[PDB]
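In our numbering, the protein residues as written are 20 to 791. Cβ coordinates follow ideal geometry from the N, Cα and C atoms, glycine included. Step one of this worksheet: look at the structure below.
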Ligand SMILES: OC[C@@H]1O[C@@H](O)[C@H](O)[C@H]1O
Ligand SMILES: [Zn+2]
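Structure representation (structure tokens):
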């Protein structure tokens, strides 16, 4: 009673938003130049590139990482479509990386600048690990993971035997690199973000049937993250989120591949840790669109204030990764709970995240991937372009839209699970069945399953009845059936299905009003599983299509004060009831209640809302508390927005991407978190380059009041000797040091360096903000 999935070859998408997203991504993938993506690999192998690498992250230290994702996305797109242009690119990319691999002859393939020197040092036990760095390199373990993954996917999806041997050679190479390292050394190294290496090493174990790769997969499992999760402890506050999710996927994969390993007793524990991780992130750390994190990090689960105020809402990779995890947990959920039927609550999550975040994260006509999806009312999101943008979210973006076929159905001997209501044709070879699902969902409630071919075996269709949603029709005849539960469940329908049979059901959709999880005054409207949003305007959408600059993934355009965005006046039940469905064949709604300030509001599915500012979460105010809530918006929030709109450059020390984007250098430095803000400090020094788009007159530095450590500040190597203005401390003990610069910083770049000022350390610096 094992549940399994269908391959992408056996699930054809029919006309729908999902097929459109697939075709749009197909065009994006084919626009990339494989000579530019291969260039880093060929360079590190001592060969001559046929073209320059791409810029952005591909020439500032993550060189090679898109090439890995590119392999994965081509392979999956190929399995999904058979597209001949796709195969030309895959065959070329693989053969170029093969030449690279053969030129060095040890198994190594890699794009990180100075790769061979790096892995030489590591092998010798010269391990200098930070959060996002290893021996001066930018997350090289994460980088090389995308190659492992890509080669795995070329083998699994496109049947490449060449990819299979390249993968085995590359894995054997890592066994050699790590053979002289102790567990303490491995665990030290793993403090640097390493993607899901443990997952891929477990995949190689399964492909080869050789346990040495399972041993390797466990050695690459980061213990400081795993052990609390085994014990149902969420210690994720302050952690970089997309760093962790692949680790957890890997723990789960190691458990799967270890199911019948007589020499290791830990499979159930590792599975459980993955299951807890999922439960805790979904139930306490996720917003209505299915994603998590603010500025790439987990914020406290009892404080979503940053999620509603910061322009850097959920990162798309994180959701991509949660969906991968969801798929693994669902599959043996019936084994784990003893029912032998999989748990549809996983599918409720998959559906929410697929329609509302994944589908929303690609510009649907031209293409372009989203990195950050703000939940702040009245902001907008930025899209990648093929030749300019080399972000992680481009990489996972390429994969996302290749594989919408993967979770629509699942099969279990003589049972088919119908999980997603996505127009599709299924080839259920195992039971000689071909089936077509037709529906306009979510713009209509009706779903039809048609049997195109069958071999008259008795089969049970398990139709998902989501919590948000019994009369079915079979060949014109109604079969009424009684609700066993209000929870998410399956309706079984068993027949000797034959060609021409037709099953029709309806999914009743209702308006709901979902509060932000910490129960502050913010709510989002849904219709069935679809998050609605309103378009608040189309001005100041700066960089909506990104250039190749560092920080180009961020929507840096003017911030609108929250008091200029519609706030909903009244109590939640009245607000819910004031939303009314407009007629037409596409979902649209008008909000007929009191809105401050008045704009009536039209709401549409967030996944169709593009090239504009929006609100998903609306601020809400009771009639009684209106005066005090509006006054806070009109004074404190208004001033915070003034501050943002005066900011020329902004760095969050201790946060990897802001640091990387400003060319972090350091000696004898550490990072951490305190009162939910990140810091960096050093006994030596740490520096960044400020990007000065407009002339700046002030430098604002945030430190803790009670920190006795002091920093000297150098600006292009000149000591800043001006006396700062010192703010009053906030609730958490933080103060701002405002330096009025003797001369205005001129447009361009300028180094800022922090050194200890007599004390053992610099001050712990929690923010660097340059102001007009
Ligand atoms: O560090 C590599 C990737 O880029 C990051 O900033 C993402 O959040 C992370 O997983
Ligand atoms: Zn990303």
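Which same chain residues, not among the five before or five after residue i, have their C-beta less than 8 Å away from its C-beta?
i	result
residue 766	711, 712, 713, 714
residue 405	47, 50, 51, 386
residue 65	122, 123
residue 754	721, 722, 723, 724, 745, 746, 747, 748
residue 769	708, 709, 711, 734, 735
Can you find a heavy atom of ligand 1 that lies under 8 Å from the Cβ of residue i?
i	result
residue 675	yes
residue 241	no
residue 436	no
residue 318	no
residue 25	no
residue 380	no
residue 46	no
residue 313	no
residue 212	yes
residue 805	No answer is possible for residue 805: the residues shown for the chain start at 20 and end at 791.
residue 679	yes
residue 158	yes
residue 259	yes
residue 342	no
residue 161	yes
residue 81	yes
Return the chain-ordered list of same chain residues with a C-beta closer than 6 Å to the C-beta of residue i, the five sequence neighbours on each side being excluded.
i	result
residue 829	The requested residue 829 is not part of the displayed model; the chain covers only 20 to 791.
residue 498	491
residue 479	434, 511, 513
residue 415	336, 339
residue 126	188, 189, 191, 192
Below 7 Å CB to CB, which residues in the same chain sit around residue i once its five sequence neighbours on both sides are set aside?
i	result
residue 698	672, 673, 690, 691, 783, 784, 785
residue 544	530, 532, 551, 598, 622
residue 494	520, 521
residue 702	687, 775, 779, 780
residue 605	462
residue 148	207, 208, 210, 211
residue 667	711, 712, 713, 715, 789, 790, 791
residue 763	714, 715, 716
residue 306	326, 333, 394
Tell me the DSSP bridge mates of residue i?
i	result
residue 715	764
residue 554	633
residue 755	721
residue 521	469
residue 206	Residue 206 pairs with nothing; no bridge assigned.
residue 243	In DSSP, residue 243 forms no bridge with anything.
residue 311	305
residue 333	DSSP output for residue 333 lists no bridge partner at all.
residue 684	706
residue 543	533, 636
residue 615	586
residue 624	551
residue 774	731
residue 8	Any question about residue 8 goes unanswered here, given that the chain covers just 20 to 791.
residue 328	Per DSSP, none; premise fails for residue 328.
residue 434	431, 479
residue 789	668, 718
residue 737	734
residue 298	Paired residues: none, contrary to the question.
My parser needs the alpha helix (DSSP H) runs of 4 or more residues fully inside the segment 377 to 430; what are they?
411 to 419
List, from N- to C-terminal side, the beta strand (DSSP E) runs of 3 residues or more that fit wholly inside the segment 457 to 513.
465 to 472, 477 to 484, 490 to 493, 496 to 499
Lining residues of ligand 2 - beta-carbon closer than 7 Å to any non-hydrogen atom, in sequence order:
261, 334, 335, 336, 390, 410, 411, 412, 415
Ignoring anything shorter than 3 residues or poking outside the segment 338 to 368, list the beta strand (DSSP E) runs there in chain order.
none
In chain order, each alpha helix (DSSP H) run of at least 4 residues that lies wholly inside the segment 125 to 183:
134 to 142, 159 to 177
What ranges does the beta strand (DSSP E) occupy inside the segment 568 to 610, keeping only unbroken runs of at least 3 residues that lie completely in it?
586 to 588, 598 to 600, 608 to 610
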